[PDB]
Protein chains: 2
Amino acid sequence: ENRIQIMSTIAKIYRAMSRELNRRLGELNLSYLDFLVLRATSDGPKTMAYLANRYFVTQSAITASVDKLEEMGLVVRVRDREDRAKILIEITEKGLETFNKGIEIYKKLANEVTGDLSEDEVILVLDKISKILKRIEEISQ
Amino acid sequence: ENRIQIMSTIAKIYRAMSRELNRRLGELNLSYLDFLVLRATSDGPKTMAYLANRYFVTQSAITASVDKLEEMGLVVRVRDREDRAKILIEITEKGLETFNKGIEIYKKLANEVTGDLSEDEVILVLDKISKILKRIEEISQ
Ligand SMILES: [Ca+2]
Ligand SMILES: [Ca+2]
């Protein structure tokens with residue numbers, strides 16, 4: 001029915017978007033996951049546990065992405081002055097510049113895919129699916 | 001902006017849904033991917049290449065899922081009478097019964113997550129995001 005198809009359509013959109021984002025982000029030497037790590041750290045340092053949980057990936061996947069971004073000079077591991085065991089992933093100036101280029105790629109793609117929708121239609125959809133997100137996040141965890 | 005957030009919200013919804021589906025489908029001894037393989041074959045036999053492409057996963061992931069469903073007696077590998085190299089994954093009666101239970105789990109979860117949306121609101125969203133899906137599929141491949 002309708003409610004089923006809304007969720008299945010969201011899934012198909014995500015898969016297709018993920019494929020294209022990986023392709024376009026590739027020119028920035030990033031994968032979609034790498035870009036998400038930069039997005040997460042762009043507004044403040046994040047624990048690796050947070051990253052894995054928030055974006056639903058394995059801790060090994062986060063370790064791999066962070067190791068990569070670190071070698072690329074986009075993020076750094078920050079340790080507590082009294083306990084270096086406590087780690088936070090902090091974005092670098094270079095990381096922020098790359099993130100900004102990535103967000104622009106995202107912006108352009110988003111405009112393209114929603115091209116059939118007028119500003120108002122975009123508004124209706126956003127407001128409504130925002131409620132779906134709130135519920136599933138309350139349900140799943 | 002709005003168009004960006006529509007796509008990012010869709011992504012968050014997908015991740016959260018995926019987590020919960022894996023959890024609920026688990027009781028049916030299935031992962032979300034396994035369930036998708038059953039969904040794909042429920043209406044007709046599918047090539048393994050199709051499965052990997054349609055649901056954006058690696059061929060090794062499909063091989064693993066198909067090997068599993070085959071051992072579970074939910075699907076079978078069908079070969080051409082003149083060229084056994086040509087393979088199609090066909091669902092079994094048991095596979096269809098399990099798929100049906102899976103679709104019911106999906107149905108209930110969908111009703112829950114879209115609970116804040118009235119039938120009409122569900123209609124508006126579906127019609128509109130369907131256009132987004134058409135575009136991204138045209139763009140990505
Ligand atoms: Ca909860
Ligand atoms: Ca095309």
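All ligand and atom numbering here is 1-based and tracks the order in the structure. Naming: A, B, ... by sequence-line order, numbering from 1 per chain.
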Query - Spacing of NZ belonging to B:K46 relative to CD1 belonging to B:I89, to within rounding of 0.5 Å - result: 11.0 Å
**Report entry** Under-3.0 Å protein N/O/S neighbours of the Ca ion (ligand 1), ordered by chain then residue number
**Finding:** A:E138 O
Report task. For the pair B:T98 (side chain) and B:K94 (backbone), establish whether a donor and an acceptor sit closer than 3.5 Å, ignoring hydrogens and angles. Result -> yes
Query raised in the report: With a 4.0 Å cut-off, would you call B:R77 and B:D67 a salt bridge?
Result: yes
Report task. Rounded to the nearest 0.5 Å, what's the gap from CD on A:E112 to CD1 on B:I132? Could you check? Result -> 13.0 Å
Report summary line: Closest non-hydrogen atoms of B:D34 and B:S65, given as atom of the first, atom of the second and distance, are OD1-OG, 2.8 Å
Requested in this report: Taking B:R79 for its side chain and B:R84 for its backbone only, find out whether a donor-acceptor pair lies under 3.5 Å.
Outcome: yes
